[PDB]
J.: 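Sending over a structure as structure tokens; questions will come in a sec.
We count ligands from 1, going down the list as the structure has it; atoms in each ligand are counted the same way. All values below were derived from every heavy atom in this structure, side-chain atoms included, with hydrogens, water molecules and symmetry-related copies excluded. Counting begins at 1 with the first residue of the sequence.
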Amino acid sequence: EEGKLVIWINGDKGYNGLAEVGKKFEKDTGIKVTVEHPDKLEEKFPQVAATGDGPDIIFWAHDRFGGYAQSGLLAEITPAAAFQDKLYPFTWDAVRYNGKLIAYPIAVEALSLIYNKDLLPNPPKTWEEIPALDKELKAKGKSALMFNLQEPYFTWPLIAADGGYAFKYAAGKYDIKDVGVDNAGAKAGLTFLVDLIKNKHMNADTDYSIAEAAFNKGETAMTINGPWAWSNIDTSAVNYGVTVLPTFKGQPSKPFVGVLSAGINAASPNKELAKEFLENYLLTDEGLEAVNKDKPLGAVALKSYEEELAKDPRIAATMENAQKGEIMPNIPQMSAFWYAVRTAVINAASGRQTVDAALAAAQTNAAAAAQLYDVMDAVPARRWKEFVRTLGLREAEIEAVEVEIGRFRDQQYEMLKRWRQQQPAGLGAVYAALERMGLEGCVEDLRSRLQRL
Ligand SMILES: OC[C@H]1O[C@H](O[C@H]2[C@H](O)[C@@H](O)[C@@H](O)O[C@@H]2CO)[C@H](O)[C@@H](O)[C@@H]1O
């Protein structure tokens, strides 16, 4: 409410360093700033966004924000040109949706190969030598590589290496009908990983926590993680280097590059309080450093502080894997891409389906669920569950998109409920709700539009 900014950020980031920026904002303003890191906040936000229980500011990679923006869930970001010139232009590209800036870019993230120099002074240049490397390391009682296999964010670089892609980009924007998840490149990539499991070089149940504790206790020679993981490795007794990810079939693995961004809730009563903290407190040299001290940000978007961080060879390696990778689209159809790839990798890793059944299933489901967003606002009110039931698409990854779209539609009805009570609300979500509620909603919609002038 008024007199407080509640901020949502994921738990693997420096929320205590971010809180320290919230203290300094309170010493000058008296305004209290609370930072919390809820479980599944990226899925919890579309549930409580337009309600009085949503955050004022939400921190996540830029790929989740276009679904928020298209729903009208976030207020438009309009900094002065003098403030925009303080950040790199490509960071603003990642937060521009339909010509509108929708968030504040914070830092550039990219996965890197992190290795123990004591167990491995020269890291492998190719994926293909980890099998032979692991055998020599399992004789030593250890393993070669352990990383999170439960999230496709970590496994996508190998899948993308030989030619996999999410949505084909061609001349200005992406084609959601062109998904490259089961092409010859993505199959060879996922086959190599599955080959590592069946050959006893990796465990299919390895997650983030096990892979981190194994590397930080010297049990595996390598892991794959981002800049946020460096702080936990510093505290342990391992001398580590970070460098390029291995190549596959002679081509560099292409990770999905995420730009950590801060979006402002369109239903927040303290939008101006949020921009002042963001523009004049966090996005400063001493604000970024308070967070980077907690757990590192990576290549920050602030050009002044990025001069100091570019010295770090760990930052240079992050940028090298980011140029070899590709930036994530911010389109709402990314949620459909992820949900379908998570199931394909887990099913192929556990052997429940072959690499071919897994990647062909995800290809059709990701291309089918992508079209649901094109009619999310068209389906008339009270009819979304009826619409879903009629289609009969009973696939887990497709209905995960149906549920989120249903969550998006509910928040637009909350925005209309507040807007009718002269409360803070996003006008785009108000109109999106009104334009699916019959002829009287379209009269109330346009009548409103005509008084705005
Ligand atoms: O897994 C940790 C890592 O996850 C994030 O990457 C996400 C992506 O941003 C989401 O849209 C999700 O659907 O897909 C990926 C997970 O599979 C962040 O990019 C990163 O900061 C975070 O550490």
J.: Could you walk me through whether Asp377 and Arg436 satisfy the salt bridge (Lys or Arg N to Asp or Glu O under 4.0 Å) test, starting with their C-alpha distance in whole Å, then the side-chain angles of each, then the deciding distance to 0.1 Å, before giving a yes or no?
T.: CA-CA 7 Å; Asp377 299 353; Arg436 75 169 74 101; 3.2 Å; yes
J.: Look at atom 23 (O) of ligand 1 and say which protein heavy atom is nearest, naming residue and atom and giving the distance to 0.1 Å.
T.: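 Looking only at protein heavy atoms, the one closest to atom 23 (O) of ligand 1 is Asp12 OD2, 2.8 Å.
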J.: Between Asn225 and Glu212, do the side chains contain an N or O donor and an N or O acceptor separated by less than 3.5 Å?
T.: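 No donor-acceptor contact under 3.5 Å links the two side chains.
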J.: For atom 16 (C) of ligand 1, which of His62, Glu109, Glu151 has the closest heavy atom?
T.: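 Among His62, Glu109, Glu151, the closest heavy atom to atom 16 (C) of ligand 1 belongs to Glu151.
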J.: Would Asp410 and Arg407 pass as an ion pair if we require N to O under 4.0 Å?
T.: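 Not counted as a salt bridge, because no side-chain N and carboxylate O are separated by less than 4.0 Å.
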J.: Does even one non-hydrogen atom of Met334 get within less than 4.0 Å of ligand 1?
T.: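 In this structure, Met334 fails to qualify as a contact of ligand 1 - no heavy atom is under 4.0 Å.
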J.: Would you verify whether the NZ or CZ of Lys117 falls within 45 degrees of the ring axis of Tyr115 while also being under 6.0 Å from that six-membered ring's centre?
T.: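 Not satisfied by the 6.0 Å and 45° rule.
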J.: Which of the numbered atoms in ligand 1 are under 4.0 angstrom from any heavy atom belonging to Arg64?
T.: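 Within the 4.0 Å cut-off of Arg64, ligand 1 contributes 10 (C), 11 (O), 12 (C), 13 (O).
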J.: Is the cationic atom of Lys13 (NZ for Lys, CZ for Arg) positioned less than 6.0 Å from the six-membered ring centroid of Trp228 and within 45 degrees of its normal?
T.: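 The answer is yes, since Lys13 meets both limits relative to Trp228.
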J.: Does the residue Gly226 have a heavy-atom contact with ligand 1, meaning some pair of atoms that are separated by less than 4.0 Å?
T.: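 No, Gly226 has no heavy atoms under 4.0 Å from ligand 1.
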J.: Looking only at atom types and distance, does a side-chain atom of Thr91 sit under 3.5 Å from a main-chain N or O of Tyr88, one as donor and one as acceptor?
T.: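 Checked: pair present.
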J.: Does ligand 1 come near enough to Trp228 that some N or O of the ligand is less than 3.5 Å from an N or O of the residue?
T.: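 So ligand 1 has no N or O lying under 3.5 Å from an N or O of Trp228.
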J.: Heavy atoms only: which of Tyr153, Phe337, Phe65, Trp60 lies closest to atom 15 (C) of ligand 1?
T.: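 Shortest heavy-atom distance from atom 15 (C) of ligand 1: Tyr153.
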J.: Check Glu219 with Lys142, please: is the shortest side-chain N to carboxylate O separation under 4.0 Å?
T.: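 Between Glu219 and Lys142 there is a salt bridge, with a charged N closer than 4.0 Å to a carboxylate O.
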J.: Give the numbers and elements of all ligand 1 atoms closer than 4.0 Å to a heavy atom of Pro152.
T.: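 Counting from 1, the qualifying ligand atoms are 17 (O).
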J.: Less than 4.0 Å is my threshold; does some heavy atom of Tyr339 fall inside it relative to ligand 1?
T.: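 No, that is not the case, since the closest heavy atom of the residue is not under 4.0 Å from the ligand.
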J.: For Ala61, state whether at least one heavy atom is located under 4.0 Å from any atom of ligand 1.
T.: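 It does; at least one heavy atom falls under 4.0 Å.
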J.: Which part of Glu42 is near ligand 1, with near meaning a heavy atom under 4.0 Å away: side chain, backbone, both or neither?
T.: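 Near ligand 1, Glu42 shows nothing, with every heavy atom at 4.0 Å or more.
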J.: Quick one: does ligand 1 sit under 4.0 Å from the side chain of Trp338, the backbone, both or neither, non-hydrogen atoms only?
T.: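 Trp338 to ligand 1: side-chain contact only, backbone stays beyond 4.0 Å.
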J.: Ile264 and side chain to side chain contact (heavy atoms under 4.5 Å, CB included): which partner among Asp56, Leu74, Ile77?
T.: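 So, applying the side chain to side chain contact (heavy atoms under 4.5 Å, CB included) to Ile264 and each of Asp56, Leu74, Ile77, only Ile77 qualifies.
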J.: Pick, from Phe59, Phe256, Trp156, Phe154, the option with the minimum heavy-atom distance to atom 1 (O) of ligand 1.
T.: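 Heavy atom nearest to atom 1 (O) of ligand 1 belongs to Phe154.
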J.: Return yes if some donor-acceptor pair links the side-chain N/O of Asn183 with the main-chain N/O of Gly163 below 3.5 Å, else return no.
T.: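 Looks like yes, one N/O pair under 3.5 Å.
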J.: Here's one to test your reading of the geometry: is the NZ or CZ of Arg389 within 45 degrees of the ring axis of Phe387 and under 6.0 Å from its centre?
T.: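 Judged by the rule (NZ or CZ under 6.0 Å from the ring centre, within 45° of its axis), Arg389 is not positioned above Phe387.
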J.: Could you list which atoms of ligand 1 come closer than 4.0 Å to a heavy atom of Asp63?
T.: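 Under 4.0 Å from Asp63, ligand 1 has these atoms: 8 (C), 9 (O), 10 (C), 11 (O).
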J.: At under 4.0 Å between heavy atoms, is it the side chain or the backbone of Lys13 that contacts ligand 1, or both, or neither?
T.: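 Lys13 to ligand 1: side-chain contact only, backbone stays beyond 4.0 Å.
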J.: Which of the numbered atoms in ligand 1 are below 4.0 angstrom from a heavy atom of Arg342?
T.: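 The list of qualifying atoms is 12 (C), 13 (O).
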